[PDB]
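Participant: So that we are looking at the same thing, I have put the structure below in structure tokens.
2 protein chains.
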Amino acid sequence: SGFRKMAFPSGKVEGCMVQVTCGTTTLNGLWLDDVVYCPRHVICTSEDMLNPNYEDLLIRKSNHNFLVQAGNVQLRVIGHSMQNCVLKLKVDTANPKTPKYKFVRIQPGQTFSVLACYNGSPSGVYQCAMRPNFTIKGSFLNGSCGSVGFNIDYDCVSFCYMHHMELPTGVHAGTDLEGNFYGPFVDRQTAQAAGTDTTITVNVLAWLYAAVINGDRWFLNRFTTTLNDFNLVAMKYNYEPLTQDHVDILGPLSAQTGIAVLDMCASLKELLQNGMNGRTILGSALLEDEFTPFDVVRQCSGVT
Amino acid sequence: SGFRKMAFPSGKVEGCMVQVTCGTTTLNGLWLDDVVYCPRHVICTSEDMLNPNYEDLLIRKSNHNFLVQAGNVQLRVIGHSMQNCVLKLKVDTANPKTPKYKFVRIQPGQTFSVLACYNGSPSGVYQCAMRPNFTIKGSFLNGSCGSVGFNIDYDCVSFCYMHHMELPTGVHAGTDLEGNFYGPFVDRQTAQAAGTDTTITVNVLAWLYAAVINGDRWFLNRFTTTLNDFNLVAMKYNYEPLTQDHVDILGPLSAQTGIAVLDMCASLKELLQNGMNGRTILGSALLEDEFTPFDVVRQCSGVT
Ligand SMILES: O=C(Cc1cccc(Cl)c1)Nc1cnccc1-c1ccccc1
Ligand SMILES: O=C(Cc1cccc(Cl)c1)Nc1cnccc1-c1ccccc1
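As they're listed, the protein sequences go chains A and A'. A prime marks a further copy of an entry chain. Residue 128 in PDB author numbering sits at position 128 of the first sequence, and the numbers go up by one each step. Residue 200 in PDB author numbering sits at position 200 of the second sequence, and the numbers go up by one each step.
This is the structure:
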């Protein structure tokens, strides 16, 4: 028993982190096979970050201007290209530590682990979620750009996120491994709007099931509700509308506990309308939404 | 910016996890050099866990009864010994992936990362703290025994914890890598008392400094207090007494922010006496105590 914000083991991803230097800018790159992936803003100086013409800036750059380092060994760059907001640096050596991998664009509400890096060196791993407003609330400092977010399936790493930007609001924005930003964000030093961040209702419910499994049952009540009635409460509290797909996804948790999804929805409804009254659920005083039903099942069944 | 419960990258520790089987019991072992370390309760059946005579049970065991597997390769066992509550299995092969390591017994209030494992295979990494009552609040299922807790210093892994037991209260107990339990716990299936768990005051204060650094300043007030007056409030709320050593340790954080330790103590005092009033600090509705001043400085400075 016990329930924690758990990240995937990061070893497979640590073996892919390199340092990319262009001009005076140093950031992280992901080395998979003979390609190093990094944010294209590596070619920018502080001056041109206000309105960069990336295609024009890349024209002033050659393969020898991109300094790629893995640990202490310099990688030789034989090709360079821009794919959306990432640069792909072809090197002459395939990463001997390249794990089985996939590039996937995750859906908002889905979770992933981040290996925060500085100068190609990993410093920490944490679990987070792609917010419904396409931002992530991570821990990133200057130099962390190029740090990746991922999931693991047995031996296969599915890279889903590359860190690029911190908004003036202190939240983080980035891209998938094809360089497409999550959300409406652009890699420019301009005032960008994150948008309203709603609560991932299916995740809160999954965490309420995790709580019941791990003994926390105080919030369970003698009530039930309907999808339409729960969703009236959900809209008032900026929670994602719950669909039948969400209910279906919570099926294994409802079967494991014997608590019907709509009865758990009534508990959540009362928690939203009355608060916690000074109590906690899984050592938290707020409703946690960064555990998918898959994460709860996985954590409660020990999937390696 | 941003502040998360961050764990160390786990790659160095993943390369040490093996599976140890004795009789019908399967658990995790830590392979460093030619030694596999695991909880001695691997020799026990469910029957003798009520009152085991480990020395007597170990007498019925030979090197060939200990099945050690690293990935898919069987390790040959040439020696076995019991050191406190751990067994040391001498194998004929030194772990080629053995990192630079140390065995250290951490102090209560200190933090470490746990790589939760099942059948020698890692499943997740999370950050936790040794509670003042010598328990840890982790996420461990059956099969997780032998999972290790550690810290990393540049390239050196300091192993500090080996998981052994879950108490009926749902909390976790274990040993250092010399097999000495943290706390008064014994590796027996008996009713064991965790003891009163107090809040690590120096860690809450360090997290309040992390909050100020990361923009959350609402809790800062026009007041100050003394060690003796803050400690009167601390005793009432089951918080560890704050000593001058704790104040000294918070020095770099006090210098970084310009907020005197005793002024931060007055903010904490008001937070304890009045609560959060529905507000949050670093996305939490309760005072967080599992970030040491070292963890705050590290996270806010990007130590790799
Ligand atoms: O925000 C940026 C640089 C940037 C700016 C505009 C557009 C882009 Cl694509 C990138 N990167 C960071 C990443 N994560 C966390 C913090 C920072 C950061 C660095 C320096 C000072 C303040 C914050
Ligand atoms: O509690 C034990 C076994 C045990 C019992 C008495 C003494 C010792 Cl040294 C070890 N291990 C577990 C470790 N972490 C989490 C959960 C469990 C667990 C396993 C089976 C059923 C319920 C809980």
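Using N, Cα and C, we set each Cβ at its ideal position, and we do this for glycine too.
Can you tell which of A:129, A:134, A:180, A:114 has the C-alpha that lies nearest to the C-alpha of residue 125 (chain A')?
Facilitator: Cα-wise, what sits closest to residue 125 (chain A') is A:114.
Participant: Which residue marks the beginning of the beta strand (DSSP E) containing residue 152 (chain A), and which one marks its end?
Facilitator: Segment 148-153, the beta strand (DSSP E) holding residue 152 (chain A).
Participant: Using a Cβ-Cβ cut-off of 6 Å (strictly less than) and excluding sequence neighbours within five positions of residue 207 (chain A'), which residues of its own chain qualify?
Facilitator: So the list reads 288, 291, once near-sequence residues are dropped.
Participant: Using a cut-off of 8 Å between C-beta atoms, extract the partners of residue 280 (chain A) located in chain A'.
Facilitator: Residues of chain A' passing the Cβ test: 286.
Participant: Taking 8 Å as the cut-off, decide whether the C-beta atoms of residue 101 (chain A') and residue 22 (chain A') are in contact.
Facilitator: No, the Cβ-Cβ distance between residue 101 (chain A') and residue 22 (chain A') is not below 8 Å.
Participant: Return the first residue and the last residue of the alpha helix (DSSP H) that residue 201 (chain A') is part of.
Facilitator: It spans 201-213 - the alpha helix (DSSP H) in which residue 201 (chain A') sits, taken as one unbroken run.
Participant: Between residue 269 (chain A') and chain A, is any beta-carbon pair separated by less than 8 Å?
Facilitator: No, because no Cβ of chain A sits closer than 8 Å to the Cβ of residue 269 (chain A').
Participant: Do residue 77 (chain A) and residue 34 (chain A) have their CB atoms nearer than 8 Å?
Facilitator: Taking 8 Å as the Cβ cut-off, residue 77 (chain A) and residue 34 (chain A) do not qualify as a contacting pair.
Participant: Interface residues of chain A around residue 159 (chain A') at Cβ under 7 Å?
Facilitator: By Cβ distance, chain A contributes nothing, its closest Cβ being about 16 Å from residue 159 (chain A'), past 7 Å.
Participant: Any Cβ of chain A within less than 8 Å of the Cβ of residue 304 (chain A')?
Facilitator: Chain A contact via Cβ: present.
Participant: Can you give me, in chain order, the residues of the stretch 109-128 of chain A that have a beta carbon less than 9 Å from any beta carbon in chain A'?
Facilitator: Cβ contacts with chain A' come from 113, 114, 115, 116, 117, 118, 119, 120, 121, 122, 123, 124, 125, 126, 127, 128.
Participant: Can you give me, in chain order, the residues of the stretch 164-196 of chain A that have a beta carbon less than 9 Å from any beta carbon in chain A'?
Facilitator: Of all residues in the stretch 164-196 of chain A, 166, 170, 171, 172 have a Cβ within less than 9 Å of some Cβ in chain A'.
Participant: Output, in sequence order along the chain, the residues in the stretch 22-38 of chain A whose CB is closer than 8 Å to any CB in chain A'.
Facilitator: Within the stretch 22-38 of chain A, no residue has a Cβ that lies closer than 8 Å to any Cβ of chain A'.
Participant: Taking 7 Å as the cut-off, is the C-beta of residue 288 (chain A) nearer than that to any heavy atom in ligand 1?
Facilitator: No.
Participant: Using a Cβ-Cβ cut-off of 8 Å, state whether residue 147 (chain A) counts as contacting chain A'.
Facilitator: No, residue 147 (chain A) does not count as interfacial toward chain A'.
Participant: Any residue with its Cβ nearer than 7 Å to a heavy atom of ligand 2 should be included. What is that list in chain order?
Facilitator: Counting every residue whose Cβ lies closer than 7 Å to a heavy atom of ligand 2, we get A:1, A':39, A':41, A':49, A':140, A':141, A':142, A':144, A':145, A':163, A':164, A':165, A':166, A':172, A':187, A':188, A':189.
Participant: Identify which residue in A:118, A:216, A:65, A:129 has its Cα closest to the Cα of residue 3 (chain A).
Facilitator: Looking at the Cα atoms, A:216 is the closest of the given residues.
Participant: Kindly indicate if chain A contains any beta-carbon less than 8 Å away from that of residue 214 (chain A').
Facilitator: Judged by the 8 Å Cβ criterion, residue 214 (chain A') is in contact with chain A.
Participant: Name the two residues that bound the continuous alpha helix (DSSP H) containing residue 294 (chain A).
Facilitator: Counting along the chain, the alpha helix (DSSP H) containing residue 294 (chain A) begins and ends at 293-301.
Participant: Contact between the stretch 154-173 of chain A and the stretch 258-272 of chain A: three or more CB pairs below 8 Å?
Facilitator: The stretch 154-173 of chain A, when compared against the stretch 258-272 of chain A, does not touch it at the 8 Å Cβ threshold.
Participant: Between which two residues does the alpha helix (DSSP H) holding residue 41 (chain A) run?
Facilitator: Run containing residue 41 (chain A): none; DSSP gives neither H nor E here.
Participant: On a CA-only basis, which of A:44, A:112, A:68 is nearest residue 294 (chain A)? Give me that one, please.
Facilitator: Measuring from the Cα of residue 294 (chain A), the nearest candidate turns out to be A:112.
Participant: Tell me whether residue 124 (chain A) sits in a helix, a strand or coil according to DSSP, three-state version.
Facilitator: Strand at residue 124 (chain A).
Participant: Are the stretch 79-97 of chain A and the stretch 57-70 of chain A touching, with three or more C-beta to C-beta distances below 8 Å?
Facilitator: Touching, per the Cβ criterion.
Participant: Identify the residues that DSSP records as bridge partners of residue 28 (chain A'): which are they?
Facilitator: BP columns for residue 28 (chain A') point to A':19.
Participant: Might you give, ordered along the chain, the residues of its own chain that have their beta carbon closer than 8 Å to the beta carbon of residue 241 (chain A), omitting 5 neighbours on each side?
Facilitator: Contacts found: 201, 231, 234, 235.
Participant: I need the DSSP call for residue 82 (chain A'), collapsed to helix, strand or coil.
Facilitator: Looking at residue 82 (chain A') - three-state DSSP - the assignment turns out to be strand.
Participant: When you compare the CB of residue 62 (chain A) with every CB in chain A', is at least one pair closer than 8 Å?
Facilitator: No, no contact with chain A'.
Participant: Mind checking residue 281 (chain A'): buried by the 16 CB within 10 Å criterion, or exposed?
Facilitator: Buried, by the Cβ-count rule.
Participant: Just mark residue 159 (chain A') as buried or exposed, buried being the case when its beta carbon has 16 or more other beta carbons within 10 Å.
Facilitator: Burial call: buried.
Participant: Name, in chain order, the residues that DSSP records as bridge partners for residue 70 (chain A).
Facilitator: In DSSP, residue 70 (chain A) forms a bridge with A:73.
Participant: For chain A', is any of its Cβ atoms less than 8 Å away from the one on residue 294 (chain A)?
Facilitator: No, residue 294 (chain A) does not count as interfacial toward chain A'.
Participant: Using the C-alpha atoms, what's the distance from residue 130 (chain A') back to residue 108 (chain A')?
Facilitator: In a straight line, the C-alpha of residue 108 (chain A') is about 5 Å away from that of residue 130 (chain A').
Participant: For residue 28 (chain A') and residue 196 (chain A'), what's the separation of their Cα atoms in angstroms?
Facilitator: Their backbone Cα atoms lie some 30 Å apart in a straight line.
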